[PDB]
Every structure is written in structure tokens, then in C-alpha cells.
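We begin with a single chain expressed as C-alpha cells, specifically the form deposited in one PDB entry.
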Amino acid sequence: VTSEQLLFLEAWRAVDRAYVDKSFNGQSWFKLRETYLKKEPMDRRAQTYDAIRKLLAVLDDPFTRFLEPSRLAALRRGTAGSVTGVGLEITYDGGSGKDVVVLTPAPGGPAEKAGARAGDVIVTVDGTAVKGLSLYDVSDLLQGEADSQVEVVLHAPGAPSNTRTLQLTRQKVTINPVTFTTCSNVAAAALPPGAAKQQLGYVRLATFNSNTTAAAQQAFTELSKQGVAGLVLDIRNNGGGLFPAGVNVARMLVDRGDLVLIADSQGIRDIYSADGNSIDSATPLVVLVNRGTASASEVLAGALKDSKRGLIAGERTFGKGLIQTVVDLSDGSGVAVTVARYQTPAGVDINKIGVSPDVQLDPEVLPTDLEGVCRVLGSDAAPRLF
């Protein structure tokens, strides 16, 4: 057994051990390994990498992928320093044709500023067709040095002819996780039942990252204090991100019960429940979501809806419920494996299904800026949030 073979086996083993579906998409996992060992060329390192990619493809899971050393390393540093993008979060088509779409644009990011919307289909990046490529590869195409440009050709969801060509300039994007305000003189249409004040708390939660928790706790604390009639939690166009920040958030609003189940082919592997650390479990709550709401955000939304803590308003979310873990290989390369999926307290999958609104609304009626939000909420044209 060669060194190349051994390496191959680490990749095979990583999946054999941790993959979400222990039936491997109906393939005999172990047999496969033996077949590949026999039939696949693994003379050179690059051939080993090809045999690994080939092996992974059999699972028909585009999130399960192989990463070469340089890519793995780069993935790690991410978009920290020198490495910039165009403010686009990408993922595969909800019905997946291996089409690469805009999961959600980063607020105030290049692409968002150039009119890009969650759900837009990316056709080419610098003329390169993206269909079917790894998201890891596509991102590489989108990132580059600050001040450099990139051409992105996109079309409207379900409108391949409705395209637009954008020449985006790469720049550091800084998404402020949380902003909040108090809306005064809220139209009666927008108030919860039995409100004794025409005042609503508005919390825009744009991203789940390391700063999310602290900012959110201060916001709910303040709003609770002011005694607003209802809370409006805006998670539209929020790709999710830091899972644990979503769990922290849910904990601030729910006192008791299950928030999220972690499942795979074997059953429930893990559970996150309310810990009695709420900040505000009583004020009427409405959560705004849209097709740009994904992952940890969907987790939050489903927890809030299922528990009956808040109403969901807007449009059905993305349905991005899978979880991947990167397993490092001896030579610095790595495998990204889908290990599990998120389910609501109700045992329903987030994946594919997403979170449905209790209250259907045009997801664009409400702005995201504090001034504008209140404006609309006090207007004659206020949405019937509750």
C-alpha cells in the first residue's frame, strides 16, 4: 500500500466515518474503496487528488468536496486581509441543476449596490461558466485584490434571458451585525393585537458573526426596557453564518423548549434547547425573513415559529439546512463532508423545506435602514406584520 494509497484512504475514511447518510447514496462504500484502490491511478499526488474527487462525486452532494492544500489554507484565512470579494454569498440552486446562485448579497456590498438580489443566478465570472463548479472554486473566481474588478453575469430567478452584466470592484465588506431602533406612532395595521402603545422595537440582524450576540443582547435589553408594544426581528438577507450566535439569539427570546435538532441517517445526534437565560420572552414578536434567509437564520426562525414565540412574516426562506465539517488530511489537503442536518423542534428538515411565513408579505415593502423602517411603519401603507 503506497503513501498515495494511504492518503486516499484518509479521504475515504473521513467520509466513511462522518458522512450524513450512512447508506452513501446507495453505494457500497467499502467496496468502492477497494475498487478505486485497484482501478484508480494514484501514482502521483495529483492523481490521488483526482481519485479522491471522483470518489466524492459519487455521493451526488455538491457540498461534499475535496480541498487541495493551497485551497484549504486559503479557505482558512478567508476574507480577512488582502483577500477581498464583491459581497456575494453563494450556494447551489434550490432544485440544484448545479447552478450557482446568489444565496444573499452582503448589505452595502458591491453586488448589492449594483442591484444584485438573493436568488439571482450567476452565469459567468470573468466569462468563466460556473455551472457545476465547486462553490470553493467559484469564490476563488470572485475574490481578488482590493480595487481589482470582476465581471459577473447574472439573471433573474427563472428568467435566463433576464440578465445583467456587472463590473464589480473588489473591496472589503463590513457587515454590521445589528442595528436597532424604536418606531413611534406605528400605524394600527402594524401593531400586535391589544397593543397599548403605538410603538414597535426593530432589530435588524444582518449577519451572525462574533459580534452578533453582544449587539443583539443590548438591543433586546433596551427595547424591553422602553416597553415597546412589539418587536420586529429582521433576518431577511441573512446567510446565517455563526451557528452558535443564532442559538444565543434564540435563547434571548425563548425560555423553554427545544430550538434545533442535529440529525443524520442514524437519527438525532444532538439538540439545543432554551436554557432559561431569556431577555424577553413576553413582548409580541414578528420575524422578517425572505429567500435570502439561510442556515443559522433559518434555524433561528424555525425555533421561534415552532415554539410559538413569534410570527414569521415575509417569504419562505432558502432551505439551506445542511452542515459540513472540514476534515484535514495528512498532507495539508482536506475534505469538506456534509455530516448532518438541521431540523426544527418539530423534527422537520430545514433543508429544502426552509421556514414558511405565517404572514405572507412582499419582502421588499420594508426597508432595512432605521429611518426608513419607521417611516413605513407609521405610514398609511404599513404592513400588517402581525
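All residue numbers refer to positions in the sequence shown, first residue = 1.
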Mean C-alpha B-factor higher for 107 to 115, or for 156 to 164?
156 to 164
Out of 333 to 341 and 357 to 365, which one has CA B-factors that are higher on average in the deposited record?
357 to 365
Looking at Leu133, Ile122, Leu311, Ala189, which has the highest Cα B-factor in the entry?
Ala189
Have a look at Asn211, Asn248, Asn237, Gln171 and flag the one whose Cα has the highest B-factor in the entry.
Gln171
Ranking every modelled residue in this chain by its Cα temperature factor as given in the entry, which third contains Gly241?
middle
Based on the deposited C-alpha B factors for this chain, I'd like to know if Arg33 is in the lowest, middle or highest third.
lowest
Temperature factor at the Cα of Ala18, chain-ranked in thirds, falls in the middle
Compared with the other modelled residues in the chain, in which third is the CA B-factor of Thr221?
middle
Sorting the chain's CA B-factors, does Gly127 end up in the lowest, middle or highest third?
highest
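This next part talks about the form deposited in another entry, which is not shown.
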Hinge candidate matching the rigid-part switch between the shown form and the other one, set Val339, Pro105, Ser307, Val228:
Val339
Given a change of 3 Å or more, say if the Cα atoms of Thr338 and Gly97 sit closer or farther in that other deposited form than in this form.
closer
Are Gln324 and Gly97 closer or farther apart at the Cα level in that other deposited form than shown, by 3 Å or more?
closer
